[PDB]
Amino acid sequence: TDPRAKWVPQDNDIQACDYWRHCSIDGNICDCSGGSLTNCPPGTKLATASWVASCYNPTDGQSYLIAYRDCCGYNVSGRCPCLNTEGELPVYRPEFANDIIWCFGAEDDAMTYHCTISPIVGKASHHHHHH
C-alpha cells in the first residue's frame, strides 16, 4: 500500500497486484473476470501480440519471461485493476511497453481492452535493461 516503494512480489495470491507474474501488467487481472491466470474470460478474444517482462519469482529465486497477452473485445472488467512496470520501457521499445493495447491478432479484430493474462514463455536472458 506504499505505492512508490519497491515492488515486493509474492507467490501466494494471483488476484493481488503484488503477484510475482504481474510485474509488468497494466489493466486488470483476467482471473477476476472469469478468466484465469493464463486464460481469457468467456466472450473475449485472445490477442497474439504480447509484451514481455522478466519477472522475479520469489519462490525459486528465478527470473521468468512473462509474455503478457490481452483479452479483448469487452469493455474493461473493472475488477482487480493493477498497474506494475517492472522493466517497463517507453513506447519506442514496444516489446517492453505496457500502455499499448496489445490486442493485435485477436479474433474479429477485437481491440478493446478487457483484462490481461500472465503466462510464462521462457527463463529470461535476460534482459540487459532489466536483470
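Numbers follow the displayed sequence, beginning with 1.
- Stretches compared: 102 to 110, 60 to 68. Higher mean C-alpha B-factor in the entry: 60 to 68.
- Judged by mean Cα B factor in the deposited record, 92 to 100 ranks above the other of 92 to 100 and 37 to 45.
- In the deposited entry, the Cα temperature factor of residue 82 sits in the middle third of values across the chain's modelled residues.
- In the PDB entry, residue 50 places in the middle third of its chain by CA B-factor.
- Annotation for residue 115: C-alpha temperature factor in the lowest third relative to the rest of the modelled chain, per the entry.
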